[PDB]
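Working notes, structure below.
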Amino acid sequence: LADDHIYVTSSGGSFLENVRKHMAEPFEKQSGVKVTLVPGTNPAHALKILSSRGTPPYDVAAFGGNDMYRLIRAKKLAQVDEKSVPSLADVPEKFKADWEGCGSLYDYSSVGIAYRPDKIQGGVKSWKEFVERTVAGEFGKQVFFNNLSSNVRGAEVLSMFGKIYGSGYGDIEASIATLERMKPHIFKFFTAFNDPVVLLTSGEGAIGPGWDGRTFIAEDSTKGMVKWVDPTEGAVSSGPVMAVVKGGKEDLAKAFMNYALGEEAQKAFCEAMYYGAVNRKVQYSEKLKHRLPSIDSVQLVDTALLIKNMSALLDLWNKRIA
């Protein structure tokens with residue numbers, strides 16, 4: 001009994017409350033295994049796990065991709081597969097690809113194009129249309145864009161530009177060159193996740209990159225004043241990673257991970273948070289069914305690639321953008 005207790009990292013606020021409500025609590029009920037969610041930042045959790053000697057403080061590593069990649073590089077995560085974590089069979093490979101058989105994204109949020117229909121009737125259908133219409137001056141100077149230095153998925157959006165206009169996600173010249181074309185029409189490089197909704201709803205901005213869930217919430221509360229585009233090339237999606245910590249209570253941890261990635265918990269958590277589920281079995285309520293981008297369509301950029309190119313990308317940015 002005393003040993004049937006696992007520790008699982010988490011962040012804070014609404015995310016953590018919803019992990020508790022939709023993953024930790026239901027699991028405890030079905031398994032009899034107590035779950036403690038430990039609030040903290042990505043870097044702090046990772047360093048703590050990195051630094052650990054003997055019995056690890058945490059059994060399940062659940063946090064951001066950048067810092068999780070640290071634990072991957074340092075061999076701190078246990079191997080998992082469809083034998084040990086059956087739910088992994090229902091998770092498409094792209095959500096697992098970066099983690100060397102030791103992890104999976106456990107939700108995804110998606111950057112698409114958010115806009116005001118009263119400024120842009122019918123909006124746009126693609127990143128390419130967004131770019132070319134911006135450059136043609138059709139939106140005036142009412143476009144906003146992710147600030148690269150602000151950790152608001154700027155690198156990710158630019159990667160899509162590299163792919164559409166260049167040789168792929170790693171073509172930072174093409175990425176920067178695209179944005180450089182748009183620069184005259186951009187009035188704000190935003191620095192927070194909530195910025196697209198505020199810029200749009202205040203009337204200051206007409207269009208720019210925004211998150212599906214966040215925009216859906218605004219669309220609902222505002223009776224359609226803002227809308228989100230699932231771009232034809234695909235939305236660019238990211239999410240937190242879940243992994244079993246080597247040397248922890250690995251069997252209980254795998255059991256929790258199996259539940260968290262399972263259809264029931266994925267649906268409950270993702271519906272509550274307006275996120276996309278990484279389990280392909282999940283079927284959505286009417287609130288999301290028609291607008292959440294398809295699990296098969298969303299694009300994920302290689303974590304290792306983003307980390308490797310960040311310095312050069314920033315340099316080019318500082319040279320040609322800011």
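Chain lettering (A, B, ...) mirrors the order of the structure tokens, residue numbering begins at 1 for each chain separately, and ligand numbering begins at 1 in order of display.
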
Practice prompt. Please provide the set of residues having any atom within 6 Å of range 82-88 of chain A, restricted to only C-alpha atoms, with same-chain residues fewer than 3 positions apart removed, written as a ChimeraX atom specification.
Written response: /A:91,258,261-262

Worksheet item: Which residues, written as JSON, numbers by chain, have at least one atom at most 6 Å from range 105-112 of chain A, with only C-alpha atoms counted and residues fewer than 6 positions away on the same chain left out?
Response: {"A": [95, 209, 210, 211, 212, 229, 230, 235, 236, 237, 238, 239, 240, 241, 275, 276, 277, 278]}

Go ahead and write the selection's residues with N, CA, C and O atoms as a PDB file, in the first residue's frame.
ATOM      1  N   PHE A  95       4.094  11.595 -33.004  1.00  0.00           N
ATOM      2  CA  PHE A  95       4.048  12.056 -31.615  1.00  0.00           C
ATOM      3  C   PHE A  95       5.115  11.383 -30.761  1.00  0.00           C
ATOM      4  O   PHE A  95       5.379  11.803 -29.629  1.00  0.00           O
ATOM      5  N   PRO A 209      -0.693  34.497 -36.792  1.00  0.00           N
ATOM      6  CA  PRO A 209      -0.701  33.138 -36.234  1.00  0.00           C
ATOM      7  C   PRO A 209      -1.358  33.089 -34.853  1.00  0.00           C
ATOM      8  O   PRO A 209      -1.168  34.004 -34.050  1.00  0.00           O
ATOM      9  N   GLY A 210      -2.129  32.034 -34.599  1.00  0.00           N
ATOM     10  CA  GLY A 210      -2.822  31.871 -33.337  1.00  0.00           C
ATOM     11  C   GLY A 210      -3.105  30.406 -33.052  1.00  0.00           C
ATOM     12  O   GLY A 210      -3.050  29.557 -33.954  1.00  0.00           O
ATOM     13  N   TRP A 211      -3.419  30.110 -31.796  1.00  0.00           N
ATOM     14  CA  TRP A 211      -3.631  28.732 -31.367  1.00  0.00           C
ATOM     15  C   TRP A 211      -5.074  28.306 -31.561  1.00  0.00           C
ATOM     16  O   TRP A 211      -5.997  29.103 -31.374  1.00  0.00           O
ATOM     17  N   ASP A 212      -5.270  27.054 -31.958  1.00  0.00           N
ATOM     18  CA  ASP A 212      -6.626  26.574 -32.213  1.00  0.00           C
ATOM     19  C   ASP A 212      -7.517  26.691 -30.976  1.00  0.00           C
ATOM     20  O   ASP A 212      -8.550  27.352 -31.025  1.00  0.00           O
ATOM     21  N   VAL A 229      -8.082  29.365 -38.717  1.00  0.00           N
ATOM     22  CA  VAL A 229      -7.907  28.630 -39.961  1.00  0.00           C
ATOM     23  C   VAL A 229      -6.995  27.434 -39.757  1.00  0.00           C
ATOM     24  O   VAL A 229      -5.897  27.557 -39.229  1.00  0.00           O
ATOM     25  N   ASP A 230      -7.480  26.276 -40.180  1.00  0.00           N
ATOM     26  CA  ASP A 230      -6.676  25.073 -40.298  1.00  0.00           C
ATOM     27  C   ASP A 230      -6.015  25.149 -41.677  1.00  0.00           C
ATOM     28  O   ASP A 230      -6.657  24.877 -42.688  1.00  0.00           O
ATOM     29  N   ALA A 235      -1.568  22.670 -39.855  1.00  0.00           N
ATOM     30  CA  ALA A 235      -1.209  23.472 -38.690  1.00  0.00           C
ATOM     31  C   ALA A 235       0.095  22.933 -38.072  1.00  0.00           C
ATOM     32  O   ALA A 235       0.447  21.764 -38.248  1.00  0.00           O
ATOM     33  N   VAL A 236       0.817  23.800 -37.374  1.00  0.00           N
ATOM     34  CA  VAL A 236       2.089  23.428 -36.768  1.00  0.00           C
ATOM     35  C   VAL A 236       1.859  23.238 -35.290  1.00  0.00           C
ATOM     36  O   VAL A 236       1.511  24.187 -34.587  1.00  0.00           O
ATOM     37  N   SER A 237       2.071  22.013 -34.824  1.00  0.00           N
ATOM     38  CA  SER A 237       1.600  21.618 -33.515  1.00  0.00           C
ATOM     39  C   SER A 237       2.730  21.207 -32.609  1.00  0.00           C
ATOM     40  O   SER A 237       3.753  20.694 -33.057  1.00  0.00           O
ATOM     41  N   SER A 238       2.534  21.452 -31.322  1.00  0.00           N
ATOM     42  CA  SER A 238       3.519  21.097 -30.327  1.00  0.00           C
ATOM     43  C   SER A 238       2.761  20.636 -29.095  1.00  0.00           C
ATOM     44  O   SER A 238       1.563  20.900 -28.946  1.00  0.00           O
ATOM     45  N   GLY A 239       3.458  19.969 -28.191  1.00  0.00           N
ATOM     46  CA  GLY A 239       2.815  19.517 -26.978  1.00  0.00           C
ATOM     47  C   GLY A 239       3.819  19.024 -25.964  1.00  0.00           C
ATOM     48  O   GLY A 239       4.991  18.821 -26.286  1.00  0.00           O
ATOM     49  N   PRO A 240       3.353  18.815 -24.728  1.00  0.00           N
ATOM     50  CA  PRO A 240       4.219  18.325 -23.655  1.00  0.00           C
ATOM     51  C   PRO A 240       4.501  16.838 -23.849  1.00  0.00           C
ATOM     52  O   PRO A 240       3.734  16.136 -24.509  1.00  0.00           O
ATOM     53  N   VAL A 241       5.614  16.367 -23.303  1.00  0.00           N
ATOM     54  CA  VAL A 241       6.018  14.977 -23.482  1.00  0.00           C
ATOM     55  C   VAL A 241       5.858  14.202 -22.183  1.00  0.00           C
ATOM     56  O   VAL A 241       6.045  14.757 -21.090  1.00  0.00           O
ATOM     57  N   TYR A 275      -7.546  20.928 -26.474  1.00  0.00           N
ATOM     58  CA  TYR A 275      -6.347  20.378 -27.098  1.00  0.00           C
ATOM     59  C   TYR A 275      -6.723  19.244 -28.042  1.00  0.00           C
ATOM     60  O   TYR A 275      -7.837  18.704 -27.977  1.00  0.00           O
ATOM     61  N   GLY A 276      -5.772  18.868 -28.901  1.00  0.00           N
ATOM     62  CA  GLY A 276      -5.903  17.678 -29.713  1.00  0.00           C
ATOM     63  C   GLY A 276      -5.305  16.470 -29.013  1.00  0.00           C
ATOM     64  O   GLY A 276      -4.233  16.567 -28.420  1.00  0.00           O
ATOM     65  N   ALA A 277      -6.002  15.335 -29.091  1.00  0.00           N
ATOM     66  CA  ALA A 277      -5.544  14.085 -28.489  1.00  0.00           C
ATOM     67  C   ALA A 277      -4.558  13.376 -29.398  1.00  0.00           C
ATOM     68  O   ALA A 277      -4.709  13.395 -30.625  1.00  0.00           O
ATOM     69  N   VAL A 278      -3.561  12.735 -28.798  1.00  0.00           N
ATOM     70  CA  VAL A 278      -2.577  11.971 -29.561  1.00  0.00           C
ATOM     71  C   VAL A 278      -3.018  10.516 -29.778  1.00  0.00           C
ATOM     72  O   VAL A 278      -2.349   9.752 -30.465  1.00  0.00           O
TER      73      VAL A 278
END

Practice prompt. Would you mind writing down, as a ChimeraX atom specification, each residue of range 144-268 of chain A that DSSP on the backbone assigns to helix (DSSP H, G or I)?
Written response: /A:148-150,154-165,172-185,195-202,212-221,250-260,263-268

Worksheet item: Within 9 Å of residue 94 in chain A, counting only C-alpha atoms, which residues qualify if same-chain residues fewer than 4 places away don't, as an MDAnalysis selection string?
Response: chainID A and resid 98 104 299:300

Spatial neighbours of residue 35 in chain A, max dist 7 Å, only C-alpha atoms, sep filter under 3 positions, as a tab-separated table (two decimals) with C-alpha atoms, in the first residue's frame:
chain	number	residue	atom	x	y	z
A	5	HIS	CA	2.05	5.94	-4.84
A	6	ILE	CA	3.65	7.62	-7.88
A	7	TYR	CA	4.98	11.14	-8.46
A	24	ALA	CA	-4.56	11.51	-12.04
A	28	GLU	CA	-6.24	6.50	-8.82

What lies within 9 Å of range 186-193 of chain A using only C-alpha atoms, ignoring chain neighbours under 4 positions off, as a short mmCIF file (atom, residue, chain, number, x, y, z; two decimals) with C-alpha atoms, in the first residue's frame?
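Saved as around.cif:
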data_model
loop_
_atom_site.label_atom_id
_atom_site.label_comp_id
_atom_site.auth_asym_id
_atom_site.auth_seq_id
_atom_site.Cartn_x
_atom_site.Cartn_y
_atom_site.Cartn_z
CA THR A 134 0.14 40.07 -46.52
CA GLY A 140 -2.73 46.80 -44.62
CA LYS A 141 -0.44 47.03 -41.61
CA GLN A 142 -2.71 44.93 -39.42
CA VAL A 143 -0.77 41.68 -39.33
CA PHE A 144 0.86 40.35 -36.14
CA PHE A 145 3.47 37.57 -35.84
CA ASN A 146 5.22 35.45 -33.16
CA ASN A 147 8.29 37.11 -31.64
CA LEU A 148 11.17 34.65 -32.14
CA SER A 149 12.79 35.41 -28.76
CA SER A 150 9.61 34.94 -26.73
CA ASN A 151 9.14 31.16 -26.68
CA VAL A 152 5.72 31.44 -28.34
CA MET A 182 5.98 40.47 -44.67
CA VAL A 197 -6.80 36.76 -29.15
CA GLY A 205 -4.94 43.27 -35.38
CA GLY A 210 -2.82 31.87 -33.34
CA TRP A 211 -3.63 28.73 -31.37
CA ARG A 214 -7.34 29.63 -27.51
#

Discussion item. For a quick check of understanding, using only C-alpha atoms, which of A:3, A:287, A:269, A:222 has the smallest distance to residue 16 in chain A?
Written reply: A:269

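Within 8 Å of residue 216 in chain A, once only C-alpha atoms are used and residues closer than 6 positions along the same chain are dropped, the contacting residues are residues 227, 228 and 274 of chain A.
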
Please, could you write that set of residues out with N, CA, C and O atoms as a JSON list (two decimals), in the first residue's frame?
[["chain", "number", "residue", "atom", "x", "y", "z"],
["A", 227, "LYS", "N", -12.01, 33.92, -35.73],
["A", 227, "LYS", "CA", -12.06, 32.55, -36.22],
["A", 227, "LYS", "C", -10.64, 32.05, -36.46],
["A", 227, "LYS", "O", -9.69, 32.85, -36.54],
["A", 228, "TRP", "N", -10.51, 30.73, -36.56],
["A", 228, "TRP", "CA", -9.21, 30.08, -36.71],
["A", 228, "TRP", "C", -9.20, 29.29, -38.01],
["A", 228, "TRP", "O", -10.19, 28.64, -38.35],
["A", 274, "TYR", "N", -9.38, 22.13, -24.67],
["A", 274, "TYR", "CA", -9.37, 22.48, -26.10],
["A", 274, "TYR", "C", -8.03, 22.13, -26.76],
["A", 274, "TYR", "O", -7.45, 22.94, -27.50]]

Selection: 10 Å around residue 127 in chain A, only C-alpha atoms, excl. self and same-chain fewer than 2 positions, as a PDB file with N, CA and C atoms, in the first residue's frame:
ATOM      1  N   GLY A 112      -2.325  27.876 -36.144  1.00  0.00           N
ATOM      2  CA  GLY A 112      -2.906  28.080 -37.449  1.00  0.00           C
ATOM      3  C   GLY A 112      -2.939  29.574 -37.693  1.00  0.00           C
ATOM      4  N   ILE A 113      -3.939  30.024 -38.441  1.00  0.00           N
ATOM      5  CA  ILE A 113      -4.089  31.445 -38.745  1.00  0.00           C
ATOM      6  C   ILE A 113      -5.384  31.975 -38.133  1.00  0.00           C
ATOM      7  N   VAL A 124      -8.433  33.271 -44.915  1.00  0.00           N
ATOM      8  CA  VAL A 124      -7.485  32.692 -45.857  1.00  0.00           C
ATOM      9  C   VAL A 124      -7.549  31.183 -45.654  1.00  0.00           C
ATOM     10  N   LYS A 125      -6.978  30.402 -46.568  1.00  0.00           N
ATOM     11  CA  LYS A 125      -7.062  28.947 -46.458  1.00  0.00           C
ATOM     12  C   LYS A 125      -5.722  28.286 -46.187  1.00  0.00           C
ATOM     13  N   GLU A 129      -1.288  31.582 -48.697  1.00  0.00           N
ATOM     14  CA  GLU A 129      -2.226  32.672 -48.961  1.00  0.00           C
ATOM     15  C   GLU A 129      -2.011  33.799 -47.943  1.00  0.00           C
ATOM     16  N   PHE A 130      -1.915  33.431 -46.671  1.00  0.00           N
ATOM     17  CA  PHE A 130      -1.605  34.387 -45.610  1.00  0.00           C
ATOM     18  C   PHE A 130      -0.369  35.226 -45.944  1.00  0.00           C
ATOM     19  N   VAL A 131       0.712  34.556 -46.326  1.00  0.00           N
ATOM     20  CA  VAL A 131       1.949  35.251 -46.678  1.00  0.00           C
ATOM     21  C   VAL A 131       1.786  36.169 -47.898  1.00  0.00           C
ATOM     22  N   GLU A 132       1.290  35.618 -48.995  1.00  0.00           N
ATOM     23  CA  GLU A 132       1.254  36.357 -50.248  1.00  0.00           C
ATOM     24  C   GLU A 132       0.275  37.518 -50.187  1.00  0.00           C
ATOM     25  N   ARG A 133      -0.858  37.327 -49.516  1.00  0.00           N
ATOM     26  CA  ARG A 133      -1.813  38.418 -49.352  1.00  0.00           C
ATOM     27  C   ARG A 133      -1.258  39.502 -48.413  1.00  0.00           C
ATOM     28  N   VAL A 157       6.606  28.228 -36.585  1.00  0.00           N
ATOM     29  CA  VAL A 157       5.935  28.853 -37.723  1.00  0.00           C
ATOM     30  C   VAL A 157       6.927  29.127 -38.854  1.00  0.00           C
ATOM     31  N   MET A 160       7.751  26.209 -41.009  1.00  0.00           N
ATOM     32  CA  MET A 160       6.766  25.968 -42.059  1.00  0.00           C
ATOM     33  C   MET A 160       7.063  26.832 -43.273  1.00  0.00           C
ATOM     34  N   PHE A 161       7.508  28.066 -43.029  1.00  0.00           N
ATOM     35  CA  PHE A 161       7.888  28.945 -44.134  1.00  0.00           C
ATOM     36  C   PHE A 161       9.081  28.351 -44.896  1.00  0.00           C
ATOM     37  N   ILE A 164       7.602  25.506 -47.100  1.00  0.00           N
ATOM     38  CA  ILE A 164       6.770  25.950 -48.218  1.00  0.00           C
ATOM     39  C   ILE A 164       7.580  26.686 -49.287  1.00  0.00           C
ATOM     40  N   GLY A 208      -3.109  36.885 -38.104  1.00  0.00           N
ATOM     41  CA  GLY A 208      -1.774  36.478 -37.722  1.00  0.00           C
ATOM     42  C   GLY A 208      -1.849  35.085 -37.141  1.00  0.00           C
ATOM     43  N   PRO A 209      -0.693  34.497 -36.792  1.00  0.00           N
ATOM     44  CA  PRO A 209      -0.701  33.138 -36.234  1.00  0.00           C
ATOM     45  C   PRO A 209      -1.358  33.089 -34.853  1.00  0.00           C
ATOM     46  N   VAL A 229      -8.082  29.365 -38.717  1.00  0.00           N
ATOM     47  CA  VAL A 229      -7.907  28.630 -39.961  1.00  0.00           C
ATOM     48  C   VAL A 229      -6.995  27.434 -39.757  1.00  0.00           C
ATOM     49  N   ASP A 230      -7.480  26.276 -40.180  1.00  0.00           N
ATOM     50  CA  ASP A 230      -6.676  25.073 -40.298  1.00  0.00           C
ATOM     51  C   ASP A 230      -6.015  25.149 -41.677  1.00  0.00           C
ATOM     52  N   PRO A 231      -4.735  25.564 -41.731  1.00  0.00           N
ATOM     53  CA  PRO A 231      -4.114  25.845 -43.035  1.00  0.00           C
ATOM     54  C   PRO A 231      -3.986  24.589 -43.892  1.00  0.00           C
ATOM     55  N   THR A 232      -4.149  24.715 -45.203  1.00  0.00           N
ATOM     56  CA  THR A 232      -4.113  23.526 -46.065  1.00  0.00           C
ATOM     57  C   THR A 232      -2.783  22.761 -46.013  1.00  0.00           C
ATOM     58  N   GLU A 233      -1.679  23.458 -45.749  1.00  0.00           N
ATOM     59  CA  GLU A 233      -0.376  22.790 -45.629  1.00  0.00           C
ATOM     60  C   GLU A 233      -0.245  22.073 -44.289  1.00  0.00           C
ATOM     61  N   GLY A 234      -1.209  22.312 -43.405  1.00  0.00           N
ATOM     62  CA  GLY A 234      -1.188  21.753 -42.064  1.00  0.00           C
ATOM     63  C   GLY A 234      -0.911  22.802 -41.001  1.00  0.00           C
ATOM     64  N   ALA A 235      -1.568  22.670 -39.855  1.00  0.00           N
ATOM     65  CA  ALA A 235      -1.209  23.472 -38.690  1.00  0.00           C
ATOM     66  C   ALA A 235       0.095  22.933 -38.072  1.00  0.00           C
TER      67      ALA A 235
END

Worksheet, complete the sentence: Correct to one decimal, the distance CA of residue 38 in chain A-CA of residue 50 in chain A is 16.1 Å
